[PDB]
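Colleague: Below you will find the structure I want to go over with you.
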Amino acid sequence: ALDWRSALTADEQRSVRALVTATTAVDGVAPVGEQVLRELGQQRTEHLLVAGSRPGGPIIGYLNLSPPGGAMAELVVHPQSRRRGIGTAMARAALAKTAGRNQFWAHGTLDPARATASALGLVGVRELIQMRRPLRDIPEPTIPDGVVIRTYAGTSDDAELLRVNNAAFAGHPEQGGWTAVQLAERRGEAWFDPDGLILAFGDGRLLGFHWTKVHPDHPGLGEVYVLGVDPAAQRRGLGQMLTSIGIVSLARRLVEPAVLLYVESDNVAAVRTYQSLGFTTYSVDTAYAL
Ligand SMILES: CC(=O)SCCNC(=O)CCNC(=O)[C@H](O)C(C)(C)COP(=O)(O)OP(=O)(O)OC[C@H]1O[C@@H](n2cnc3c(N)ncnc32)[C@H](O)[C@@H]1OP(=O)(O)O
Ligand SMILES: CC(=O)SCCNC(=O)CCNC(=O)[C@H](O)C(C)(C)COP(=O)(O)OP(=O)(O)OC[C@H]1O[C@@H](n2cnc3c(N)ncnc32)[C@H](O)[C@@H]1OP(=O)(O)O
């Protein structure tokens with residue numbers, strides 16, 4: 001009988017991290033994301049832990065349900081305990097609990113998840129594509145005159161940065177409607193580098209920005225973290241230009257070494273921008289729902 005938990009002891013947390021680590025080693029992709037792992041020590045989400053057969057042992061299944069749209073579930077069954085109905089049981093428990101509204105993330109959209117989705121009568125409703133390109137044979141930026149490029153100068157630039165971010169991402173669930181609070185939270189992370197946030201200004205109002213990211217724990221990789229062009233300055237080549245400039249900067253600072261990004265599969269403009277600069281699909285995360 002699956003018991004929804006709102007909190008976990010230190011041992012239980014260690015048992016879930018062990019299950020996740022064991023699974024990544026076999027599957028080659030982590031089964032739940034980094035934020036799920038940060039939620040293990042908090043009381044903000046709900047969890048299912050499926051214990052093994054004998055006392056004193058490791059767990060064999062885990063599901064996290066994060067509140068919102070519908071809630072989002074991430075789950076994992078140990079490679080050695082698959083094809084025994086555990087994933088199906090935890091998934092049906094989440095659907096019953098959320099009235100059939102929650103979604104499920106499948107990192108890497110691996111064969112088992114696709115089949116399990118099929119078996120549960122779910123369909124893919126979102127695809128988040130991770131694209132990558134090598135740090136070699138990189139593009140050259142074309143800077144149109146009437147535009148000047150420089151890096152972020154601190155809080156002096158925040159008003160414009162939020163204005164542009166919020167105009168470009170207007171109506172976007174998570175990236176739109178930002179405030180100084182979101183900026184401060186990110187500037188507070190160890191990976192932040194003000195010189196990695198590139199800005200293009202008219203020659204002037206901010207026209208667009210490309211926030212790049214190098215994480216200390218993933219050597220040799222750079223990320224196009226947020227790219228946004230004010231709609232008043234879109235369709236003039238700035239988005240590509242900014243992405244190019246960021247690749248140059250990351251390649252200077254830095255499987256194979258590379259620049260990666262995550263983009264919604266139906267974001268036509270961004271996908272085209274990235275395709276023009278040589279990015280290709282590396283992996284896809286599919287959100288499954290009824
Ligand atoms: C919709 C989702 O599951 S999103 C889940 C995202 N999580 C992951 O991808 C993490 C890595 N994968 C896992 O942890 C597991 O493989 C899970 C959670 C996807 C499935 O866990 P399991 O406990 O093996 O699922 P379960 O035993 O209930 O399988 C249900 C049915 O789906 C199918 N299925 C599951 N895995 C496979 C597979 N590798 N190949 C073919 N069919 C499969 C079968 O029809 C199966 O029943 P059957 O064994 O009687 O034929
Ligand atoms: C990793 C991430 O940041 S994913 C999130 C990306 N950012 C967003 O979704 C924010 C909202 N969108 C935007 O800010 C912009 O549309 C951007 C940044 C994606 C592109 O900015 P732009 O300045 O318009 O880019 P640019 O003028 O160089 O055009 C690049 C390509 O997109 C295409 N494009 C631009 N706007 C559109 C549009 N409205 N419809 C269809 N295609 C478009 C261009 O035709 C061009 O295609 P091509 O590469 O095949 O030549």
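Following the order of the structure tokens, chains are lettered A, B, ..., residues in each are numbered from 1, and ligands are numbered from 1.
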Region 256-263 of chain A: which residues within 12 Å, counting only C-alpha atoms, same-chain residues fewer than 4 positions away excluded, as a CSV table (one decimal) with N, CA, C and O atoms, in the first residue's frame?

Modeller:
chain,number,residue,atom,x,y,z
A,126,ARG,N,4.3,17.4,-24.3
A,126,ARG,CA,5.3,18.4,-24.4
A,126,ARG,C,6.6,17.7,-24.6
A,126,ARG,O,6.8,16.6,-24.1
A,127,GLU,N,7.5,18.3,-25.4
A,127,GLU,CA,8.8,17.7,-25.7
A,127,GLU,C,9.8,18.9,-25.5
A,127,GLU,O,9.6,19.9,-26.1
A,128,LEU,N,10.7,18.7,-24.6
A,128,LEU,CA,11.7,19.8,-24.3
A,128,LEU,C,13.0,19.2,-24.9
A,128,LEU,O,13.5,18.2,-24.5
A,129,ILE,N,13.5,19.9,-25.9
A,129,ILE,CA,14.7,19.3,-26.6
A,129,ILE,C,16.0,19.9,-26.1
A,129,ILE,O,16.1,21.1,-26.0
A,130,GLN,N,16.9,19.0,-25.8
A,130,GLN,CA,18.3,19.4,-25.4
A,130,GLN,C,19.0,19.4,-26.7
A,130,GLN,O,19.1,18.3,-27.4
A,131,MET,N,19.6,20.5,-27.2
A,131,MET,CA,20.4,20.5,-28.4
A,131,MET,C,21.8,20.8,-28.0
A,131,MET,O,22.0,21.5,-27.0
A,132,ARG,N,22.8,20.3,-28.7
A,132,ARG,CA,24.2,20.6,-28.4
A,132,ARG,C,24.9,20.9,-29.7
A,132,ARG,O,24.5,20.6,-30.8
A,133,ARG,N,26.1,21.6,-29.6
A,133,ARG,CA,27.0,21.7,-30.8
A,133,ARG,C,28.4,21.7,-30.2
A,133,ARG,O,28.7,22.2,-29.1
A,134,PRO,N,29.4,21.3,-31.0
A,134,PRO,CA,30.8,21.3,-30.5
A,134,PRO,C,31.3,22.7,-30.3
A,134,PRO,O,30.9,23.6,-31.0
A,135,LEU,N,32.4,22.8,-29.5
A,135,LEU,CA,33.1,24.1,-29.3
A,135,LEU,C,34.1,24.3,-30.4
A,135,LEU,O,35.0,25.1,-30.2
A,136,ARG,N,34.0,23.6,-31.5
A,136,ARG,CA,34.9,23.7,-32.7
A,136,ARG,C,34.1,24.2,-33.8
A,136,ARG,O,32.9,24.1,-33.9
A,137,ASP,N,34.9,24.7,-34.9
A,137,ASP,CA,34.2,25.1,-36.1
A,137,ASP,C,33.0,25.9,-35.7
A,137,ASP,O,31.9,25.6,-36.2
A,138,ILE,N,33.2,26.9,-34.9
A,138,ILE,CA,32.0,27.6,-34.4
A,138,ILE,C,31.7,28.8,-35.4
A,138,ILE,O,32.5,29.3,-36.2
A,210,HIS,N,21.7,37.5,-23.9
A,210,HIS,CA,22.0,36.1,-24.0
A,210,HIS,C,22.8,35.8,-22.7
A,210,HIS,O,23.9,36.2,-22.5
A,211,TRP,N,22.1,35.1,-21.8
A,211,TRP,CA,22.7,34.7,-20.5
A,211,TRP,C,23.3,33.3,-20.7
A,211,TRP,O,22.6,32.3,-21.1
A,212,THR,N,24.6,33.2,-20.6
A,212,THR,CA,25.4,32.0,-20.8
A,212,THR,C,25.7,31.4,-19.4
A,212,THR,O,25.7,32.1,-18.4
A,213,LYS,N,25.9,30.1,-19.3
A,213,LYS,CA,26.2,29.5,-18.0
A,213,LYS,C,27.2,28.3,-18.1
A,213,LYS,O,27.0,27.5,-19.0
A,214,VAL,N,28.2,28.4,-17.2
A,214,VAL,CA,29.1,27.3,-17.1
A,214,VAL,C,28.9,26.9,-15.6
A,214,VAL,O,29.0,27.7,-14.7
A,215,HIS,N,28.6,25.6,-15.4
A,215,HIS,CA,28.3,25.1,-14.1
A,215,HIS,C,29.6,24.4,-13.6
A,215,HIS,O,30.2,23.6,-14.3
A,218,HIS,N,30.1,20.6,-14.0
A,218,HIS,CA,30.0,19.9,-15.4
A,218,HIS,C,31.1,20.6,-16.3
A,218,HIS,O,30.7,21.4,-17.2
A,219,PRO,N,32.3,20.2,-16.1
A,219,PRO,CA,33.5,20.7,-16.9
A,219,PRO,C,33.3,20.5,-18.3
A,219,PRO,O,32.7,19.5,-18.8
A,220,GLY,N,33.8,21.4,-19.1
A,220,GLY,CA,33.8,21.3,-20.6
A,220,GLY,C,32.5,21.6,-21.2
A,220,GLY,O,32.3,21.4,-22.4
A,221,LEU,N,31.5,22.0,-20.4
A,221,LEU,CA,30.2,22.2,-21.0
A,221,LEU,C,29.7,23.6,-20.7
A,221,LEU,O,29.9,24.1,-19.6
A,222,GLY,N,29.1,24.3,-21.8
A,222,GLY,CA,28.6,25.6,-21.6
A,222,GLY,C,27.1,25.6,-21.9
A,222,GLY,O,26.7,24.7,-22.7
A,223,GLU,N,26.3,26.5,-21.4
A,223,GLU,CA,24.9,26.4,-21.7
A,223,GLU,C,24.3,27.8,-22.2
A,223,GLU,O,24.8,28.9,-21.7
A,224,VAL,N,23.4,27.7,-23.2
A,224,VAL,CA,22.7,28.9,-23.7
A,224,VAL,C,21.6,28.9,-22.7
A,224,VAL,O,20.6,28.1,-22.9
A,225,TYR,N,21.7,29.6,-21.6
A,225,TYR,CA,20.8,29.5,-20.4
A,225,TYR,C,19.4,30.3,-20.7
A,225,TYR,O,18.3,29.7,-20.4
A,226,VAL,N,19.5,31.5,-21.1
A,226,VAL,CA,18.3,32.3,-21.5
A,226,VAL,C,18.7,33.2,-22.6
A,226,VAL,O,19.7,34.0,-22.5
A,227,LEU,N,18.0,33.2,-23.7
A,227,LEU,CA,18.2,34.0,-24.9
A,227,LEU,C,16.8,34.8,-25.0
A,227,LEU,O,15.8,34.1,-25.1
A,243,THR,N,23.3,34.7,-30.0
A,243,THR,CA,23.7,33.3,-29.7
A,243,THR,C,25.1,33.1,-30.1
A,243,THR,O,25.9,32.5,-29.3
A,244,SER,N,25.5,33.6,-31.2
A,244,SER,CA,26.9,33.5,-31.8
A,244,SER,C,27.9,34.0,-30.8
A,244,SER,O,29.0,33.4,-30.6
A,246,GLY,N,27.7,34.6,-27.7
A,246,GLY,CA,27.7,33.8,-26.5
A,246,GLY,C,28.6,32.5,-26.7
A,246,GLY,O,29.3,32.0,-25.8
A,247,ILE,N,28.5,31.9,-27.9
A,247,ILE,CA,29.2,30.7,-28.2
A,247,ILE,C,30.7,31.0,-28.2
A,247,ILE,O,31.5,30.3,-27.7
A,248,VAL,N,31.0,32.2,-28.8
A,248,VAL,CA,32.4,32.6,-28.9
A,248,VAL,C,33.0,32.8,-27.4
A,248,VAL,O,34.0,32.2,-27.1
A,249,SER,N,32.2,33.4,-26.6
A,249,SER,CA,32.6,33.7,-25.2
A,249,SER,C,32.8,32.3,-24.4
A,249,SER,O,33.8,32.1,-23.7
A,250,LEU,N,31.8,31.4,-24.5
A,250,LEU,CA,31.9,30.2,-23.9
A,250,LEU,C,33.1,29.4,-24.4
A,250,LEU,O,33.8,28.8,-23.6
A,251,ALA,N,33.3,29.3,-25.7
A,251,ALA,CA,34.4,28.5,-26.3
A,251,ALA,C,35.7,29.0,-25.7
A,251,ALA,O,36.6,28.2,-25.6
A,252,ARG,N,35.8,30.3,-25.5
A,252,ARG,CA,37.1,30.9,-25.0
A,252,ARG,C,37.2,30.5,-23.5
A,252,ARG,O,38.3,30.0,-23.0
A,267,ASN,N,8.9,25.9,-30.2
A,267,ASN,CA,9.4,27.2,-30.3
A,267,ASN,C,10.1,27.4,-31.6
A,267,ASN,O,11.3,27.4,-31.7
A,268,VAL,N,9.3,27.7,-32.6
A,268,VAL,CA,9.9,27.8,-33.9
A,268,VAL,C,11.0,28.7,-34.1
A,268,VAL,O,12.1,28.3,-34.7
A,269,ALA,N,10.9,30.0,-33.7
A,269,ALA,CA,12.0,30.9,-33.8
A,269,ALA,C,13.3,30.5,-33.1
A,269,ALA,O,14.3,30.6,-33.7
A,270,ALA,N,13.2,29.9,-31.9
A,270,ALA,CA,14.4,29.6,-31.2
A,270,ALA,C,15.0,28.3,-31.9
A,270,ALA,O,16.2,28.3,-32.1
A,271,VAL,N,14.2,27.4,-32.2
A,271,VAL,CA,14.7,26.2,-32.9
A,271,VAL,C,15.4,26.6,-34.2
A,271,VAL,O,16.5,26.1,-34.4
A,272,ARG,N,14.8,27.5,-34.9
A,272,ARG,CA,15.5,27.9,-36.2
A,272,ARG,C,16.8,28.6,-35.9
A,272,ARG,O,17.8,28.4,-36.6
A,273,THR,N,16.8,29.5,-34.9
A,273,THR,CA,18.0,30.2,-34.6
A,273,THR,C,19.2,29.2,-34.3
A,273,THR,O,20.3,29.3,-34.8
A,274,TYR,N,18.9,28.2,-33.4
A,274,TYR,CA,19.9,27.3,-33.0
A,274,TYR,C,20.3,26.3,-34.2
A,274,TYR,O,21.5,26.0,-34.3
A,275,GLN,N,19.3,25.9,-35.0
A,275,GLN,CA,19.7,25.1,-36.1
A,275,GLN,C,20.6,25.8,-37.1
A,275,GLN,O,21.5,25.2,-37.6
A,277,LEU,N,22.9,27.7,-36.4
A,277,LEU,CA,24.2,27.8,-35.8
A,277,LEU,C,24.8,26.4,-35.5
A,277,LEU,O,25.8,26.3,-34.7
A,278,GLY,N,24.2,25.4,-36.1
A,278,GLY,CA,24.8,24.1,-36.0
A,278,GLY,C,24.4,23.2,-34.9
A,278,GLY,O,25.0,22.2,-34.7
A,279,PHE,N,23.5,23.7,-34.1
A,279,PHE,CA,23.0,22.8,-33.0
A,279,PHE,C,22.2,21.7,-33.6
A,279,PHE,O,21.4,21.9,-34.5
A,280,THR,N,22.3,20.5,-32.9
A,280,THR,CA,21.5,19.4,-33.3
A,280,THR,C,20.9,18.7,-32.1
A,280,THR,O,21.3,19.0,-31.0
A,281,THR,N,19.9,17.9,-32.3
A,281,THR,CA,19.2,17.3,-31.1
A,281,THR,C,20.1,16.3,-30.5
A,281,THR,O,20.7,15.4,-31.1
A,282,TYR,N,20.3,16.5,-29.1
A,282,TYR,CA,21.1,15.6,-28.4
A,282,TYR,C,20.2,14.6,-27.6
A,282,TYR,O,20.5,13.4,-27.6
A,283,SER,N,19.2,15.1,-27.0
A,283,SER,CA,18.2,14.2,-26.3
A,283,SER,C,16.9,15.0,-26.2
A,283,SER,O,16.8,16.2,-26.3
A,284,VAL,N,15.8,14.2,-25.9
A,284,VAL,CA,14.5,14.9,-25.7
A,284,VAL,C,13.8,14.4,-24.4
A,284,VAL,O,13.9,13.3,-24.1
A,285,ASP,N,13.2,15.4,-23.7
A,285,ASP,CA,12.5,15.0,-22.4
A,285,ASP,C,11.0,15.2,-22.9
A,285,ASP,O,10.6,16.2,-23.4

Colleague: Neighbouring residues of residue 169 (chain A) were defined as those with any atom within 10 Å, considering only C-alpha atoms; residues of the same chain fewer than 2 positions away were excluded. Please report them as a VMD selection string.

Modeller: chain A and resid 163 to 167 171 to 178 227 to 231

Colleague: Take the selection from the previous step and output its residues with N, CA and C atoms, as a short mmCIF file (atom, residue, chain, number, x, y, z; two decimals), in the first residue's frame.

Modeller:
data_model
loop_
_atom_site.label_atom_id
_atom_site.label_comp_id
_atom_site.auth_asym_id
_atom_site.auth_seq_id
_atom_site.Cartn_x
_atom_site.Cartn_y
_atom_site.Cartn_z
N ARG A 163 12.62 44.17 -18.24
CA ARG A 163 11.68 44.67 -19.25
C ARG A 163 11.76 43.75 -20.50
N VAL A 164 12.98 43.58 -21.00
CA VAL A 164 13.19 42.76 -22.21
C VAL A 164 12.82 41.29 -21.97
N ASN A 165 13.31 40.72 -20.86
CA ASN A 165 12.94 39.36 -20.56
C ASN A 165 11.41 39.17 -20.54
N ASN A 166 10.75 40.05 -19.80
CA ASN A 166 9.31 39.96 -19.70
C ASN A 166 8.53 40.30 -21.01
N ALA A 167 9.09 41.11 -21.91
CA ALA A 167 8.41 41.44 -23.20
C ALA A 167 8.58 40.19 -24.12
N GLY A 171 3.68 35.84 -21.39
CA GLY A 171 2.82 34.67 -21.37
C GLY A 171 3.53 33.32 -21.12
N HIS A 172 4.83 33.33 -20.89
CA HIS A 172 5.59 32.10 -20.63
C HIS A 172 5.46 31.79 -19.15
N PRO A 173 4.98 30.58 -18.84
CA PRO A 173 4.76 30.07 -17.50
C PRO A 173 5.84 30.40 -16.50
N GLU A 174 7.07 30.01 -16.82
CA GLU A 174 8.15 30.22 -15.87
C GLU A 174 9.16 31.34 -16.15
N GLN A 175 9.35 31.70 -17.41
CA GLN A 175 10.35 32.71 -17.72
C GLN A 175 9.80 34.10 -17.81
N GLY A 176 8.48 34.21 -17.93
CA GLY A 176 7.88 35.53 -18.00
C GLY A 176 7.60 36.11 -16.62
N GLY A 177 7.24 37.39 -16.59
CA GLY A 177 6.88 38.04 -15.33
C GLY A 177 7.93 37.98 -14.24
N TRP A 178 9.19 38.11 -14.61
CA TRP A 178 10.25 38.12 -13.60
C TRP A 178 10.34 39.46 -12.86
N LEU A 227 17.97 33.16 -23.75
CA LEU A 227 18.18 34.05 -24.88
C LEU A 227 16.80 34.75 -25.05
N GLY A 228 16.82 36.09 -25.13
CA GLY A 228 15.57 36.83 -25.35
C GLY A 228 15.84 38.11 -26.11
N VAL A 229 14.97 38.41 -27.10
CA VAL A 229 15.08 39.65 -27.88
C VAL A 229 13.73 40.35 -27.71
N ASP A 230 13.80 41.66 -27.41
CA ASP A 230 12.56 42.45 -27.27
C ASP A 230 11.79 42.30 -28.60
N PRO A 231 10.50 42.00 -28.53
CA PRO A 231 9.69 41.87 -29.77
C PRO A 231 9.89 43.09 -30.73
#

Colleague: Using only C-alpha atoms and all ligand atoms, which residues of chain A come within 8 Å of ligand 1, and what is the closest atom pair for each, with the distance in Å to one decimal? Give it as JSON lines, sorted by chain and residue number.

Modeller:
{"residue": "A:23", "atom": "CA", "partner": "ligand 1", "partner_atom_place_in_ligand_line": "11 (C)", "distance": 7.1}
{"residue": "A:27", "atom": "CA", "partner": "ligand 1", "partner_atom_place_in_ligand_line": "11 (C)", "distance": 7.0}
{"residue": "A:30", "atom": "CA", "partner": "ligand 1", "partner_atom_place_in_ligand_line": "10 (C)", "distance": 7.5}
{"residue": "A:31", "atom": "CA", "partner": "ligand 1", "partner_atom_place_in_ligand_line": "10 (C)", "distance": 4.1}
{"residue": "A:32", "atom": "CA", "partner": "ligand 1", "partner_atom_place_in_ligand_line": "10 (C)", "distance": 7.0}
{"residue": "A:61", "atom": "CA", "partner": "ligand 1", "partner_atom_place_in_ligand_line": "14 (O)", "distance": 7.7}
{"residue": "A:74", "atom": "CA", "partner": "ligand 1", "partner_atom_place_in_ligand_line": "6 (C)", "distance": 6.2}
{"residue": "A:75", "atom": "CA", "partner": "ligand 1", "partner_atom_place_in_ligand_line": "7 (N)", "distance": 5.0}
{"residue": "A:76", "atom": "CA", "partner": "ligand 1", "partner_atom_place_in_ligand_line": "14 (O)", "distance": 3.4}
{"residue": "A:77", "atom": "CA", "partner": "ligand 1", "partner_atom_place_in_ligand_line": "14 (O)", "distance": 3.8}
{"residue": "A:78", "atom": "CA", "partner": "ligand 1", "partner_atom_place_in_ligand_line": "14 (O)", "distance": 6.0}
{"residue": "A:79", "atom": "CA", "partner": "ligand 1", "partner_atom_place_in_ligand_line": "14 (O)", "distance": 6.8}
{"residue": "A:81", "atom": "CA", "partner": "ligand 1", "partner_atom_place_in_ligand_line": "23 (O)", "distance": 6.7}
{"residue": "A:82", "atom": "CA", "partner": "ligand 1", "partner_atom_place_in_ligand_line": "24 (O)", "distance": 3.3}
{"residue": "A:83", "atom": "CA", "partner": "ligand 1", "partner_atom_place_in_ligand_line": "27 (O)", "distance": 3.3}
{"residue": "A:84", "atom": "CA", "partner": "ligand 1", "partner_atom_place_in_ligand_line": "27 (O)", "distance": 4.1}
{"residue": "A:85", "atom": "CA", "partner": "ligand 1", "partner_atom_place_in_ligand_line": "28 (O)", "distance": 3.3}
{"residue": "A:86", "atom": "CA", "partner": "ligand 1", "partner_atom_place_in_ligand_line": "23 (O)", "distance": 4.0}
{"residue": "A:87", "atom": "CA", "partner": "ligand 1", "partner_atom_place_in_ligand_line": "23 (O)", "distance": 3.5}
{"residue": "A:88", "atom": "CA", "partner": "ligand 1", "partner_atom_place_in_ligand_line": "28 (O)", "distance": 3.6}
{"residue": "A:89", "atom": "CA", "partner": "ligand 1", "partner_atom_place_in_ligand_line": "28 (O)", "distance": 6.5}
{"residue": "A:91", "atom": "CA", "partner": "ligand 1", "partner_atom_place_in_ligand_line": "3 (O)", "distance": 6.9}
{"residue": "A:104", "atom": "CA", "partner": "ligand 1", "partner_atom_place_in_ligand_line": "4 (S)", "distance": 5.0}
{"residue": "A:105", "atom": "CA", "partner": "ligand 1", "partner_atom_place_in_ligand_line": "4 (S)", "distance": 5.3}
{"residue": "A:106", "atom": "CA", "partner": "ligand 1", "partner_atom_place_in_ligand_line": "6 (C)", "distance": 3.8}
{"residue": "A:107", "atom": "CA", "partner": "ligand 1", "partner_atom_place_in_ligand_line": "9 (O)", "distance": 6.0}
{"residue": "A:108", "atom": "CA", "partner": "ligand 1", "partner_atom_place_in_ligand_line": "9 (O)", "distance": 7.5}
{"residue": "A:109", "atom": "CA", "partner": "ligand 1", "partner_atom_place_in_ligand_line": "9 (O)", "distance": 6.5}
{"residue": "A:110", "atom": "CA", "partner": "ligand 1", "partner_atom_place_in_ligand_line": "9 (O)", "distance": 5.9}
{"residue": "A:111", "atom": "CA", "partner": "ligand 1", "partner_atom_place_in_ligand_line": "39 (N)", "distance": 5.8}
{"residue": "A:112", "atom": "CA", "partner": "ligand 1", "partner_atom_place_in_ligand_line": "39 (N)", "distance": 3.7}
{"residue": "A:113", "atom": "CA", "partner": "ligand 1", "partner_atom_place_in_ligand_line": "19 (C)", "distance": 3.7}
{"residue": "A:114", "atom": "CA", "partner": "ligand 1", "partner_atom_place_in_ligand_line": "1 (C)", "distance": 6.6}
{"residue": "A:115", "atom": "CA", "partner": "ligand 1", "partner_atom_place_in_ligand_line": "33 (C)", "distance": 4.7}
{"residue": "A:116", "atom": "CA", "partner": "ligand 1", "partner_atom_place_in_ligand_line": "32 (O)", "distance": 3.5}
{"residue": "A:117", "atom": "CA", "partner": "ligand 1", "partner_atom_place_in_ligand_line": "1 (C)", "distance": 3.9}
{"residue": "A:118", "atom": "CA", "partner": "ligand 1", "partner_atom_place_in_ligand_line": "32 (O)", "distance": 7.1}
{"residue": "A:119", "atom": "CA", "partner": "ligand 1", "partner_atom_place_in_ligand_line": "32 (O)", "distance": 5.1}
{"residue": "A:120", "atom": "CA", "partner": "ligand 1", "partner_atom_place_in_ligand_line": "1 (C)", "distance": 7.1}
{"residue": "A:122", "atom": "CA", "partner": "ligand 1", "partner_atom_place_in_ligand_line": "1 (C)", "distance": 7.0}
{"residue": "A:287", "atom": "CA", "partner": "ligand 1", "partner_atom_place_in_ligand_line": "4 (S)", "distance": 7.5}
{"residue": "A:288", "atom": "CA", "partner": "ligand 1", "partner_atom_place_in_ligand_line": "1 (C)", "distance": 5.9}
{"residue": "A:289", "atom": "CA", "partner": "ligand 1", "partner_atom_place_in_ligand_line": "1 (C)", "distance": 7.9}

Colleague: Put those residues in a file: C-alpha atoms, as a compact mmCIF listing (two decimals), in the first residue's frame.

Modeller:
# COMPACT_ATOMS: atom_id res chain seq x y z
CA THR A 23 19.72 4.14 -12.03
CA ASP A 27 20.34 4.03 -17.90
CA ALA A 30 19.35 10.58 -14.44
CA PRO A 31 15.71 9.44 -13.89
CA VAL A 32 14.57 12.48 -11.93
CA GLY A 61 10.88 2.67 -6.31
CA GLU A 74 9.00 12.22 -11.68
CA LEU A 75 9.54 8.52 -10.87
CA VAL A 76 12.07 5.77 -10.99
CA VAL A 77 12.10 2.02 -10.45
CA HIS A 78 15.50 0.37 -9.85
CA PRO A 79 16.81 -1.36 -13.01
CA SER A 81 13.18 -4.37 -10.10
CA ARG A 82 11.57 -3.33 -13.40
CA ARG A 83 8.77 -5.15 -15.30
CA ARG A 84 7.06 -6.06 -12.06
CA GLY A 85 4.36 -3.39 -12.05
CA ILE A 86 5.93 -0.95 -9.58
CA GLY A 87 6.15 1.99 -11.99
CA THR A 88 2.56 1.33 -13.11
CA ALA A 89 1.39 1.29 -9.47
CA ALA A 91 1.91 6.21 -11.74
CA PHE A 104 5.03 12.75 -15.83
CA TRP A 105 8.52 13.67 -17.01
CA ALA A 106 10.52 11.09 -18.96
CA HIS A 107 14.13 12.31 -19.07
CA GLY A 108 15.68 11.24 -22.34
CA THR A 109 12.35 9.64 -23.39
CA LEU A 110 13.91 6.18 -23.00
CA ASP A 111 12.31 2.98 -24.32
CA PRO A 112 10.97 1.81 -20.93
CA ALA A 113 9.20 5.17 -20.23
CA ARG A 114 7.75 5.30 -23.74
CA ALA A 115 6.36 1.74 -23.40
CA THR A 116 5.09 2.43 -19.86
CA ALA A 117 3.39 5.55 -21.10
CA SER A 118 1.81 3.48 -23.87
CA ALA A 119 0.69 0.87 -21.37
CA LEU A 120 -0.88 3.47 -19.17
CA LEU A 122 -0.85 8.38 -21.78
CA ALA A 287 6.05 15.15 -20.48
CA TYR A 288 3.31 12.46 -20.64
CA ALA A 289 -0.31 13.02 -19.62

Colleague: May I have all residues of region 100-165 of chain A that DSSP, computed from the backbone, assigns to helix (DSSP H, G or I), given as a list in words?

Modeller: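 Here is the list: residues 107, 108, 109, 111, 112, 113, 114, 115, 116, 117, 118, 119, 155, 156, 157, 158, 159, 160, 161, 162, 163, 164 and 165 of chain A.
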
Colleague: Kindly save the residues from that selection, with C-alpha atoms included, as a compact mmCIF listing (two decimals), in the first residue's frame.

Modeller:
# COMPACT_ATOMS: atom_id res chain seq x y z
CA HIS A 107 14.13 12.31 -19.07
CA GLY A 108 15.68 11.24 -22.34
CA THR A 109 12.35 9.64 -23.39
CA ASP A 111 12.31 2.98 -24.32
CA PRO A 112 10.97 1.81 -20.93
CA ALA A 113 9.20 5.17 -20.23
CA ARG A 114 7.75 5.30 -23.74
CA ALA A 115 6.36 1.74 -23.40
CA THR A 116 5.09 2.43 -19.86
CA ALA A 117 3.39 5.55 -21.10
CA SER A 118 1.81 3.48 -23.87
CA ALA A 119 0.69 0.87 -21.37
CA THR A 155 21.95 46.35 -10.92
CA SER A 156 22.12 49.42 -13.25
CA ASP A 157 20.99 47.06 -16.05
CA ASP A 158 18.23 45.21 -14.17
CA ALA A 159 15.32 47.42 -15.17
CA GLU A 160 16.01 46.93 -18.88
CA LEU A 161 16.88 43.27 -18.43
CA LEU A 162 13.59 42.54 -16.72
CA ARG A 163 11.68 44.67 -19.25
CA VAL A 164 13.19 42.76 -22.21
CA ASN A 165 12.94 39.36 -20.56

Colleague: Write out as a list in words the residues lying within 6 Å of residue 151 (chain A), counting only C-alpha atoms and excluding same-chain residues fewer than 5 positions away.

Modeller: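 Once the adjacent positions are removed, what remains is residues 195, 197, 198 and 199 of chain A.
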
Colleague: Skipping near chain neighbours, those fewer than 5 positions away, what residues fall within 12 Å of residue 4 (chain A) using only C-alpha atoms, listed as a short mmCIF file (atom, residue, chain, number, x, y, z; two decimals) with N, CA and C atoms, in the first residue's frame?

Modeller:
data_model
loop_
_atom_site.label_atom_id
_atom_site.label_comp_id
_atom_site.auth_asym_id
_atom_site.auth_seq_id
_atom_site.Cartn_x
_atom_site.Cartn_y
_atom_site.Cartn_z
N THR A 45 6.85 19.05 -1.25
CA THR A 45 6.29 18.14 -2.23
C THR A 45 5.81 16.86 -1.60
N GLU A 46 5.33 15.95 -2.43
CA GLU A 46 4.84 14.69 -1.90
C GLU A 46 5.60 13.55 -2.54
N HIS A 47 5.75 12.46 -1.79
CA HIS A 47 6.59 11.38 -2.28
C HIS A 47 6.03 9.96 -2.06
N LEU A 48 6.49 9.04 -2.88
CA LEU A 48 6.16 7.62 -2.67
C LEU A 48 7.54 6.90 -2.61
N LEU A 49 7.76 6.07 -1.59
CA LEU A 49 8.96 5.24 -1.46
C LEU A 49 8.50 3.76 -1.40
N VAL A 50 9.00 2.96 -2.33
CA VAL A 50 8.63 1.54 -2.34
C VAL A 50 9.85 0.81 -1.80
N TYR A 62 10.57 5.03 -6.42
CA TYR A 62 10.42 6.37 -5.88
C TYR A 62 9.67 7.26 -6.88
N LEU A 63 8.73 8.04 -6.34
CA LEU A 63 8.01 9.01 -7.15
C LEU A 63 7.92 10.33 -6.35
N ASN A 64 8.13 11.48 -7.03
CA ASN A 64 7.96 12.78 -6.42
C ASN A 64 6.81 13.46 -7.15
N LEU A 65 5.93 14.15 -6.39
CA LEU A 65 4.83 14.90 -7.03
C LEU A 65 5.01 16.32 -6.55
N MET A 90 2.85 3.19 -8.97
CA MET A 90 3.09 4.53 -8.50
C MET A 90 2.41 5.53 -9.46
N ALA A 93 -1.20 5.67 -8.93
CA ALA A 93 -1.47 6.40 -7.67
C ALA A 93 -1.41 7.91 -7.85
N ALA A 94 -0.45 8.38 -8.64
CA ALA A 94 -0.38 9.83 -8.88
C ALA A 94 -1.64 10.26 -9.68
N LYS A 97 -4.70 10.41 -7.48
CA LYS A 97 -4.53 11.55 -6.57
C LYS A 97 -4.76 12.92 -7.20
#
